[PDB]
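Take a look at the structure set out below.
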Amino acid sequence: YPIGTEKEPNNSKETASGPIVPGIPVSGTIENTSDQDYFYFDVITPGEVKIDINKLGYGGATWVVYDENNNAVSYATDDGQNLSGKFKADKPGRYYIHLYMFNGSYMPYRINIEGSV
Ligand SMILES: [Ca+2]
Ligand SMILES: [Ca+2]
C-alpha cells in the first residue's frame with residue numbers, strides 16, 4: 001500500500017508516513033519551521049537508494065536518512081531547487097527520511113525515490 005502524500009501527524013520516526021516506493025511521487029508541505037516531516041521506505045534486498053526531494057516553495061530545508069537503529073546513512077545536498085542524495089543499503093530493513101525546514105515560512109515539496117526499494 002504505497003503512499004502518494006504525507007499523512008499528518010508524522011512528526012516523529014514512530015509516526016512516519018510510508019511506505020514510499022520508486023515510480024510513485026509523494027507530495028507534502030512543510031507548514032512552517034516547527035513542522036517536522038518523517039517518512040519511511042523498506043529495503044527488501046541490499047543495493048543503492050537515491051532520493052530527490054523537489055522544493056516547491058521558498059526557504060532552507062534539508063533531509064537526513066536514518067536506518068532502523070538511528071544511525072545516519074545519508075544527508076541531502078542542496079542544489080538550489082532540489083535536495084538530493086544516495087547511499088548503499090547493505091542490509092534490508094526500514095529507513096526513515098527526516099525532512100525539516102530550518103528557515104522559511106511554508107514549503108510544498110515532492111519526494112522521488114529510486115533504486116533498491
Ligand atoms: Ca507536513
Ligand atoms: Ca509533520
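Each chain of the C-alpha cells is named A, B, ... in the order shown, its residues numbered from 1; ligands are numbered from 1 in display order.
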Residues within 8 Å of ligand 2 should be enumerated using only C-alpha atoms and all ligand atoms and returned as a ChimeraX atom specification.
-> /A:7-12,30-31,35-38
Option closest in space to residue 75 of chain A, from A:14, A:42, A:90, A:52 [counting only C-alpha atoms] = A:52
List the neighbours of residue 80 of chain A out to 12 Å using only C-alpha atoms; skip same-chain residues closer than 6 positions along the sequence, and give me the result as a list in words.
->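 So, after excluding close chain neighbours, the residues are residues 53, 54, 55, 56, 57, 58, 59, 60, 61 and 62 of chain A.
Each of A:97, A:26, A:3, A:49 was checked against residue 72 of chain A using only C-alpha atoms; the smallest atom-to-atom distance is that of A:97.
With only C-alpha atoms and all ligand atoms as the atoms that count, the residue of A:83, A:73, A:43, A:101 with the shortest distance to ligand 1 is A:101.
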Would you list, as a ChimeraX atom specification, the residues of chain A that end up in strand (DSSP E) under DSSP run on this structure's backbone?
-> /A:26-30,37-43,47-55,60-66,72-75,77-78,82-89,93-103,107-115
Which of these, A:64, A:107, A:44, A:113, has the shortest distance to ligand 1 once you count only C-alpha atoms and all ligand atoms?
->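 Distance minimum relative to ligand 1 lands on A:107.
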Can you tell me how far atom CA of residue 114 of chain A sits from atom CA of residue 23 of chain A, in Å to one decimal?
-> 7.5 Å
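In terms of minimum interatomic distance to residue 100 of chain A, A:34 ranks closest within A:34, A:77, A:5, A:17, counting only C-alpha atoms.
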Atom CA of residue 88 of chain A to atom CA of residue 28 of chain A, distance in Å rounded to a single decimal =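 It comes out at 25.8 Å.
If you measure from each of A:67, A:48, A:79, A:6 to ligand 1 using only C-alpha atoms and all ligand atoms, the closest one turns out to be A:6.
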Using only C-alpha atoms, which residues sit within 9 Å of residue 45 of chain A once same-chain residues fewer than 3 positions away are excluded, as a PyMOL selection string?
-> chain A and resi 89-93+116-117
Suppose we keep N, CA and C atoms; can you now write the selection as a CSV table (one decimal), in the first residue's frame?
chain,number,residue,atom,x,y,z
A,89,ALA,N,22.6,0.6,0.8
A,89,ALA,CA,21.9,-0.1,1.8
A,89,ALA,C,22.4,-1.5,1.8
A,90,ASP,N,23.4,-1.8,2.7
A,90,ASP,CA,24.0,-3.1,2.8
A,90,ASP,C,23.0,-4.1,3.5
A,91,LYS,N,22.1,-3.7,4.3
A,91,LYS,CA,21.1,-4.6,4.9
A,91,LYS,C,19.7,-4.2,4.6
A,92,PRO,N,18.8,-5.2,4.4
A,92,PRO,CA,17.4,-4.9,4.3
A,92,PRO,C,16.9,-4.4,5.6
A,93,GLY,N,15.8,-3.6,5.5
A,93,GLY,CA,15.3,-3.0,6.7
A,93,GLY,C,14.5,-1.7,6.4
A,116,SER,N,17.0,0.4,-4.9
A,116,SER,CA,16.7,-0.9,-4.3
A,116,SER,C,15.6,-0.8,-3.2
A,117,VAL,N,14.4,-0.4,-3.6
A,117,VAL,CA,13.3,-0.2,-2.7
A,117,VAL,C,12.1,-1.0,-3.0
